[PDB]
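For reference, the chain that follows is the form deposited in one PDB entry, supplied as structure tokens.
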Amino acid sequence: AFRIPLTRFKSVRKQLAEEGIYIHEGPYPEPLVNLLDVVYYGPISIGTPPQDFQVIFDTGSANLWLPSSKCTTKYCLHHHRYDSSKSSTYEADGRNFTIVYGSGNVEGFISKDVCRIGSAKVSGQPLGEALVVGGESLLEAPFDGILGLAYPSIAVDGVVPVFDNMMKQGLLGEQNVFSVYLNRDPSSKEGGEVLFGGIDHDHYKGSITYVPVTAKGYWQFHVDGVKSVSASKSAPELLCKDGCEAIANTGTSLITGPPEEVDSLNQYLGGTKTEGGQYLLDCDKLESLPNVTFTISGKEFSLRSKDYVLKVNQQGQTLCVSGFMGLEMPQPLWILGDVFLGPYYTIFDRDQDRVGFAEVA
């Protein structure tokens, strides 16, 4: 058991929306990392002596990458960079890599070195030395790179994900799991935490409801249904009626699903489609907005409007936005961002290949 503290920051997509600037997505070939949407980072260090970094701990991807000292692009010059020549434990690989991101590609070459995750010491860990990171308005971003916590099958050639090497090296004891506490509250000192090799009882109430992983790549599982139900409507909103597939993604905020289904959901909520793509709700009519519920392994996971409405500062206008939007992919998926993962503590279990949810504390 070792514990990494997470810090929450306002996403670049949000900073853009405040100045009244929107960028359309997509459609996507499948779920992609998008650096405009990432909201939680935590510290790691690489090499000997340690070189310090802030990275996104991302269940939506499986790669570890950081800006290379050899990268002199704008993004890299504005962040911490890994210098292999300064580390006595560096071990060369040298092969090239490319990753398709929603925010523009990430490219470079593979290297190996000690990766430090709090008190844990991951040895011979492959990483991407990034020479290219796309694109606009990431010069402020408080994170340097990404550390992926998904399965090895969606890693680039030459990388084994960080958690997998923690497993091979016996660093987690008997529980090959990691647990994630996300605090969406702006005020609090702790933004959240990732607990490696354990489950923290202090962070949830009730019991944990497990769901089996369906396709090993993303942390992907089956959802029984999605619905919203209200005393103020002649009909319910019933979606995902015959079951659907979802992924848990700590690398994003909004809940994303098949467009026609979430458009319908947003209409039911009284939403108004912005030219930006998000749906506006009346800020004075948030009180009687119905819960939206996800049924997983026969159990209901309810979201209150307090959980799913996002507030944004436009100019002077405070302005309220639905935390659900459509994103088409060929193999339709609900992507569960922090809107879902904030009010639910989440256990990621590689022993049994399952994901656990319990009410947060």
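Each form is matched to the other, and the largest set of C-alpha atoms that superpose within 1.5 Å is called the rigid core. The numbering used is simple: start at 1 and walk along the sequence shown.
Just so you know, the form deposited in another entry exists too; it's not on screen, but the next bit is about it.
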Out of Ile296, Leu32, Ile335, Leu303, the position with Cα displaced 2 angstroms or more between the shown form and the other one on rigid-core fit is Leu32
Just checking, between the shown form and the other one and with the core aligned, does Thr214 shift 2 Å or more at the CA? no
Superposing on the rigid core, I want to see if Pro152 changes position between the shown form and the other one - specifically a Cα shift of 2 Å or more. no
Relative to the superposed rigid core, does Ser230 relocate between the shown form and the other one - that is, does its Cα move 2 Å or more? yes
Distance flag for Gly277 and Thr256 (Cα, change 3 Å or more) in the other entry: the two residues are closer
What direction does the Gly134-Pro29 Cα distance move in the other entry compared with the shown chain, closer or farther, given a change of 3 Å or more? closer
